[PDB]
Amino acid sequence: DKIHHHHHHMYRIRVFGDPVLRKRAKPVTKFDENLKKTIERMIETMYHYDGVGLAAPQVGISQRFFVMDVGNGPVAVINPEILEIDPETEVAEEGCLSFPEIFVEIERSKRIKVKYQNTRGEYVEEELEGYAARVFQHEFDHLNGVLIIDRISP
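At position 137 of the sequence shown (counting the first as 1) the number is 128 in PDB author numbering, and the numbers step up by one without a gap.
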């Protein structure tokens, strides 16, 4: 291609094939200004690519955090844990900024109980369902090196 737009400040999104997407992310331990700035860049990047979720590995950082926006504004999730998963599930089509133009159908629990920290290290615990629950699981999967293609529904 003969013309290009160089982006700065926001992150470059890693594409399937980059092994950082398969490496199990490590937990965040430092809750400082840098983590905050990173979260801001994560949100900038997510919105810029029109995504609803973006996990650290997708920007080359194998740490356990991601951001997401399921319609209520951006939520920063650090060191998440999925405490409970409803046995009831639902299948829907899911894409991924790291897989340009690939969409597959994936079964996800309808409701989950999660626990995570905010940028100040404080814990938050909450119940999520429907779309919110789906996006959370999808982004959570990234932290364990799991991608949508590992979950195609039969």
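Ideal placement from N, C-alpha and C gives every residue a C-beta, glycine not left out.
- Task: Would you mind reading off the limits of the beta strand (DSSP E) that contains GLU118?
- Result: In the DSSP assignment, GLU118 falls within the unbroken beta strand (DSSP E) covering 114 to 120.
- Query: What are the residues that DSSP puts in a beta bridge with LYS104?
  - Reply: Checking the DSSP bridge columns, you'll see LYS104 partnered with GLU75, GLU118.
- Task: For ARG55, I'd like the list of residues in its chain whose CB is within less than 8 Å of its CB, leaving aside the five on either flank, ordered along the chain.
- Result: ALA16, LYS17, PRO18, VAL19, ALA47, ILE69, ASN70, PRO71, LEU134
- Task: Please name the residue, chosen from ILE52, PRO10, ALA67, that lies closest to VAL58 on a Cα-to-Cα basis.
- Result: That would be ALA67, whose Cα lies nearest to the Cα of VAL58.
- Item | Beta-carbon proximity of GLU81 to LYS101, cut-off 7 Å | Going by C-beta atoms, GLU81 is nearer than 7 Å to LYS101.
- Return the Cβ separation of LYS106 and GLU96 in integer angstroms, given the expectation that the two are a contact with Cβ distance under 8 Å. Between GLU96 and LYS106 the Cβ distance is about 28 Å, and since that is not below 8 Å, they are no contact.
- For the region 23 to 96, list the alpha helix (DSSP H) runs that are entirely contained and at least 4 residues long, ordered along the chain. Listed in chain order, the complete alpha helix (DSSP H) runs (minimum 4 residues) inside the region 23 to 96 are 24 to 39.
- Look at the Cβ atom of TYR2, then the Cβ atom of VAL61, and state whether they are nearer than 7 Å. no
- Burial state of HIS129 (16 or more Cβ within 10 Å): With at least 16 other beta carbons inside 10 angstroms of its own, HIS129 counts as buried.
- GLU118 and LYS104: beta carbons closer than 7 Å? yes
- Message: Pull the bridge partners of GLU130 from the DSSP assignment, please.
- Response: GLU130 is not bridged to any residue.
- Going by C-alpha distance, which of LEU138, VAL6, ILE4, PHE22 is nearest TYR114? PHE22
- Identity of the residues DSSP links to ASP9 by a beta bridge: Its beta-bridge partners are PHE7.
- Message: In whole angstroms, give me the CA-to-CA distance for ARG13 and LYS27.
- Response: 25 Å
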